[PDB]
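final34.cif (mmCIF, C-alpha atoms) appears below.
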```
data_coords
loop_
_atom_site.label_atom_id
_atom_site.label_comp_id
_atom_site.auth_asym_id
_atom_site.auth_seq_id
_atom_site.Cartn_x
_atom_site.Cartn_y
_atom_site.Cartn_z
CA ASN B 1 78.60 139.08 67.51
CA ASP B 2 77.74 142.21 69.64
CA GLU B 3 76.69 145.36 67.89
CA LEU B 4 76.84 147.39 71.07
CA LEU B 5 80.65 147.31 71.15
CA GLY B 6 80.75 150.35 68.92
CA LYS B 7 81.92 148.46 65.93
CA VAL B 8 80.83 148.09 62.35
CA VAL B 9 77.46 146.56 61.82
CA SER B 10 75.22 145.80 58.91
CA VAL B 11 72.20 148.04 58.57
CA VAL B 12 69.81 146.29 56.30
CA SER B 13 67.31 147.75 53.90
CA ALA B 14 64.44 146.97 56.36
CA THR B 15 63.41 143.81 54.61
CA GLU B 16 66.50 142.84 52.63
CA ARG B 17 69.24 141.11 54.52
CA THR B 18 70.70 140.73 51.08
CA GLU B 19 71.32 144.38 50.50
CA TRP B 20 72.54 146.22 53.45
CA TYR B 21 74.80 149.09 54.15
CA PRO B 22 77.45 148.91 56.88
CA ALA B 23 77.64 151.47 59.63
CA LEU B 24 79.43 152.12 62.88
CA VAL B 25 77.73 152.00 66.24
CA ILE B 26 78.40 155.31 67.89
CA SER B 27 77.16 157.44 70.73
CA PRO B 28 73.91 159.43 69.94
CA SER B 29 75.29 162.04 72.22
CA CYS B 30 77.49 163.10 69.32
CA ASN B 31 74.37 164.04 67.45
CA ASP B 32 72.05 166.46 69.12
CA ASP B 33 69.44 166.59 66.36
CA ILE B 34 69.07 162.86 66.05
CA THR B 35 68.18 161.33 69.35
CA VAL B 36 68.09 157.66 70.08
CA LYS B 37 65.04 155.71 71.07
CA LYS B 38 65.25 152.55 73.20
CA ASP B 39 64.70 150.24 70.20
CA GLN B 40 67.16 152.02 68.02
CA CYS B 41 70.83 152.52 67.86
CA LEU B 42 72.90 155.33 66.47
CA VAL B 43 74.94 154.38 63.55
CA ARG B 44 77.27 156.31 61.37
CA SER B 45 77.42 155.00 57.92
CA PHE B 46 80.72 155.57 56.30
CA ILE B 47 79.19 154.66 53.04
CA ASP B 48 75.88 156.55 53.19
CA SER B 49 74.28 158.52 56.11
CA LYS B 50 76.50 160.18 58.79
CA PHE B 51 73.83 159.97 61.51
CA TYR B 52 70.72 157.91 61.43
CA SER B 53 68.59 156.16 63.89
CA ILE B 54 67.75 152.60 63.08
CA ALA B 55 66.17 149.89 65.12
CA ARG B 56 68.50 147.09 66.28
CA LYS B 57 66.20 144.61 64.57
CA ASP B 58 67.44 146.02 61.21
CA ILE B 59 70.96 145.93 62.41
CA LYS B 60 72.90 142.80 62.24
CA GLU B 61 76.39 143.16 63.50
CA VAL B 62 79.08 141.62 61.48
CA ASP B 63 82.75 141.93 60.93
CA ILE B 64 82.80 143.15 57.41
CA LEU B 65 86.49 142.52 56.91
CA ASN B 66 85.98 139.03 58.29
CA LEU B 67 83.58 138.12 55.49
CA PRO B 68 84.90 136.53 52.22
CA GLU B 69 86.16 139.00 49.64
CA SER B 70 83.99 137.43 46.93
CA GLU B 71 80.98 138.58 48.95
CA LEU B 72 82.49 141.96 49.66
CA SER B 73 83.64 142.73 46.15
CA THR B 74 80.22 141.93 44.65
CA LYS B 75 78.31 144.31 46.95
CA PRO B 76 79.94 147.83 46.75
CA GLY B 77 78.89 148.77 50.28
CA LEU B 78 80.64 145.71 51.65
CA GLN B 79 83.67 146.26 49.47
CA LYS B 80 84.15 149.87 50.50
CA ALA B 81 83.64 148.72 54.01
CA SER B 82 86.52 146.27 53.64
CA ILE B 83 88.62 149.14 52.25
CA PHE B 84 87.51 151.74 54.83
CA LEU B 85 87.79 149.41 57.80
CA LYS B 86 91.18 147.92 57.05
CA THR B 87 92.70 151.34 57.22
CA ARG B 88 90.97 152.38 60.52
CA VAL B 89 89.65 149.50 62.66
CA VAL B 90 92.61 147.10 62.63
CA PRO B 91 95.96 147.43 64.58
CA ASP B 92 98.77 147.34 62.04
CA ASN B 93 96.66 148.16 59.12
CA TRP B 94 95.83 151.75 60.33
CA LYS B 95 97.66 153.90 57.83
CA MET B 96 97.70 157.59 57.10
CA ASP B 97 100.69 159.88 57.18
CA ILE B 98 101.35 160.50 60.83
CA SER B 99 103.31 163.61 59.73
CA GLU B 100 100.21 165.05 58.01
CA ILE B 101 98.36 164.56 61.23
CA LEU B 102 100.39 167.00 63.29
CA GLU B 103 103.66 167.97 61.65
CA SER B 104 105.93 165.05 62.26
CA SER B 105 104.31 163.85 65.51
CA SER B 106 107.76 162.57 66.65
CA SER B 107 106.83 159.12 65.31
CA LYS B 108 110.34 158.76 63.89
CA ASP B 109 111.28 156.05 66.30
CA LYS B 110 109.78 155.29 69.66
CA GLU B 111 110.68 155.63 73.32
CA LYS B 112 109.36 152.70 75.31
CA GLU B 113 107.49 153.31 78.62
CA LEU B 114 107.94 157.01 78.38
CA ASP B 115 105.93 157.28 75.22
CA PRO B 116 102.60 155.60 74.87
CA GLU B 117 102.10 153.76 71.52
CA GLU B 118 98.46 154.56 72.26
CA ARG B 119 99.34 158.15 71.19
CA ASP B 120 99.99 157.21 67.54
CA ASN B 121 97.06 154.88 67.48
CA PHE B 122 94.80 157.53 68.96
CA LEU B 123 96.00 160.25 66.54
CA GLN B 124 95.52 157.89 63.64
CA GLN B 125 92.09 156.69 64.76
CA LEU B 126 90.88 160.20 65.50
CA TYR B 127 92.05 161.54 62.18
CA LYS B 128 90.32 158.74 60.29
CA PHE B 129 87.12 159.04 62.34
CA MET B 130 87.16 162.84 62.15
CA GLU B 131 86.76 162.77 58.40
CA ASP B 132 84.04 160.09 58.24
CA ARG B 133 81.71 161.81 60.70
CA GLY B 134 81.26 164.96 58.67
CA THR B 135 83.41 167.00 61.04
CA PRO B 136 86.87 166.48 59.36
CA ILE B 137 90.13 168.21 59.96
CA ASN B 138 89.57 171.48 58.23
CA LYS B 139 92.24 172.92 60.42
CA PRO B 140 95.19 170.89 61.80
CA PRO B 141 95.94 170.60 65.54
CA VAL B 142 97.55 173.90 66.23
CA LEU B 143 96.58 175.91 69.15
CA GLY B 144 98.02 179.15 70.38
CA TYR B 145 99.96 179.63 67.10
CA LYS B 146 101.94 176.44 67.74
CA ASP B 147 101.54 172.67 67.19
CA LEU B 148 98.96 171.18 69.39
CA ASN B 149 99.97 167.74 70.62
CA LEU B 150 96.57 166.20 70.57
CA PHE B 151 97.50 163.11 72.52
CA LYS B 152 99.26 165.19 75.14
CA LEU B 153 96.05 167.05 75.79
CA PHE B 154 94.23 163.70 75.89
CA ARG B 155 96.78 162.22 78.33
CA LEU B 156 96.76 165.41 80.40
CA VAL B 157 92.97 165.48 80.65
CA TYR B 158 92.90 161.73 81.27
CA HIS B 159 95.42 162.34 84.08
CA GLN B 160 92.95 164.84 85.54
CA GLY B 161 90.48 162.00 85.62
CA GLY B 162 89.04 162.65 82.24
CA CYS B 163 87.06 165.50 80.76
CA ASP B 164 83.89 164.00 82.19
CA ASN B 165 85.72 164.54 85.43
CA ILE B 166 86.70 168.07 84.59
CA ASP B 167 84.56 170.53 86.40
CA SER B 168 87.02 173.36 86.72
CA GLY B 169 88.30 175.73 84.03
CA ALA B 170 91.56 175.59 85.91
CA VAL B 171 92.06 172.15 84.47
CA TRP B 172 91.62 173.23 80.81
CA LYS B 173 94.08 175.99 81.70
CA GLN B 174 96.48 173.49 83.24
CA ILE B 175 96.31 171.00 80.36
CA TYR B 176 96.89 173.84 77.85
CA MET B 177 99.73 175.10 80.00
CA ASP B 178 101.37 171.62 80.16
CA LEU B 179 101.69 171.65 76.36
CA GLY B 180 103.81 174.72 76.87
CA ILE B 181 101.51 176.93 75.02
CA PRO B 182 101.08 180.41 76.54
CA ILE B 183 97.69 180.50 78.19
CA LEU B 184 97.59 184.29 77.58
CA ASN B 185 93.95 184.92 78.49
CA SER B 186 90.52 183.23 78.67
CA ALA B 187 90.36 182.92 74.86
CA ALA B 188 92.93 180.19 75.17
CA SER B 189 90.77 178.45 77.77
CA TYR B 190 88.13 178.62 75.04
CA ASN B 191 90.73 177.35 72.51
CA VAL B 192 91.68 174.29 74.53
CA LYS B 193 88.07 173.43 75.39
CA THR B 194 87.07 173.85 71.74
CA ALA B 195 90.02 171.77 70.59
CA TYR B 196 89.34 168.84 72.91
CA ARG B 197 85.58 169.12 72.25
CA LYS B 198 85.73 169.10 68.49
CA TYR B 199 88.69 166.95 67.80
CA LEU B 200 88.32 164.39 70.48
CA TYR B 201 84.56 164.64 71.26
CA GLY B 202 83.77 161.27 69.70
CA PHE B 203 86.37 159.33 71.59
CA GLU B 204 85.60 161.48 74.62
CA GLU B 205 81.91 160.64 74.54
CA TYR B 206 82.60 156.95 74.08
CA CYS B 207 85.45 156.96 76.64
CA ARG B 208 83.40 158.65 79.33
CA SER B 209 80.26 156.66 78.63
CA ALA B 210 82.00 153.25 78.54
CA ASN B 211 83.96 154.19 81.67
CA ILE B 212 87.47 154.33 80.56
CA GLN B 213 88.31 157.75 81.93
CA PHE B 214 87.77 157.88 85.70
CA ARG B 215 90.28 158.76 88.42
CA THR B 216 90.41 159.66 92.10
CA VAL B 217 91.27 163.25 91.01
CA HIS B 218 87.54 163.96 90.67
CA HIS B 219 86.49 161.52 93.32
CA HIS B 220 86.00 163.96 96.15
CA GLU B 221 83.35 166.26 97.50
CA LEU B 222 85.27 169.07 99.07
CA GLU B 223 88.23 170.74 97.53
CA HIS B 224 91.73 171.23 98.81
CA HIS B 225 91.81 174.44 96.85
CA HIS B 226 88.67 176.42 97.52
CA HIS B 227 87.59 177.97 94.28
CA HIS B 228 88.18 181.71 94.02
CA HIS B 229 85.17 183.55 95.41
#
```
Now that the file is in, can you turn its structure into structure tokens?
Amino acid sequence: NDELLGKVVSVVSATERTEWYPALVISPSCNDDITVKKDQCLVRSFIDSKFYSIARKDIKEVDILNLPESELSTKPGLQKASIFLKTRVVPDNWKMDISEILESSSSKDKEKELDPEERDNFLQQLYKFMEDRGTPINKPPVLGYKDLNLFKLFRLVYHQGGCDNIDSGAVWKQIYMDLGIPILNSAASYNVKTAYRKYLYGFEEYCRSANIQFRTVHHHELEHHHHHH
């Protein structure tokens, strides 16, 4: 059923396929202390361990919410999975207050074409996933004393080719500037880099590793603007 998609999988209790605990296949680049070996995968258990390295032999991928509720409800790990997943891995079913996420997030009613529905989805997914990885939103997206439109920064960076494609501090500056937040000084360059790197690092890592973010912007050798030296 493909574990490697970065979805929820069953991590069994080594021998018991009966009792297992679901986890999410994630990038081991999110965890510096755990490191992945070729036979193992990096899974985040929403129910138990936030980062653990387990061999793919002990991992049987499954769509937890696809399984019968009688099965789920009898095994707490499977049940909570059903609960946890329905609110963060399925399209319509993603629900958290979009206004708690930013402020209001302008999700009142939508502008087609001009506004990407992906924004709301992304904010929602990131907020859910932020909490379950042990690096939750302890501070809301505000940057430079004002509301930080998280998806704008994502879109902006993505428009620069992606953060994997960002080599210049000028870009972090430019993305921060596009939000309309006063760049002030280099501390704000720090701010924006920190923001993207803590809030979006998971999706970033996955996005850049699975080749989603990649544009001609960073497909060059020489620059048109020689860097200040």
Given only C-alpha atoms, how would the per-residue table for region 87-196 of chain B near region 213-222 of chain B read, listing every residue at most 10 Å away with its closest atom pair and distance in Å to one decimal, sorted by chain and number, as a tab-separated table?
```
residue	atom	partner	partner_atom	distance
B:157	CA	B:213	CA	9.1
B:158	CA	B:213	CA	6.1
B:159	CA	B:215	CA	7.6
B:160	CA	B:217	CA	5.9
B:161	CA	B:215	CA	4.3
B:162	CA	B:213	CA	5.0
B:163	CA	B:213	CA	7.9
B:164	CA	B:213	CA	7.7
B:165	CA	B:218	CA	5.6
B:166	CA	B:218	CA	7.4
B:167	CA	B:218	CA	8.4
```
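Rounded to one decimal, CA of residue 185 (chain B) and CA of residue 173 (chain B) lie 9.5 Å from each other.
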Find the spatial neighbours of region 121-126 of chain B, counting all atoms listed in the file, within a cut-off of 8 Å - ignore same-chain residues fewer than 6 positions away - and output them as a PyMOL selection string. chain B and resi 88-89+94-96+98+101+150-151+199-200+203
Please identify all polymer residues within 7 Å of region 48-62 of chain B, counting all atoms listed in the file, omitting same-chain residues fewer than 3 positions from it, and present them as a VMD selection string. chain B and resid 1 to 3 8 to 12 14 34 36 39 to 45 133 to 134
Quick one: residues within 8 Å of (95.3, 180.5, 80.0) (file frame), counting only C-alpha atoms, please, as a list in words. residues 173, 174, 176, 177, 182, 183, 184, 185, 186, 187, 188 and 189 of chain B
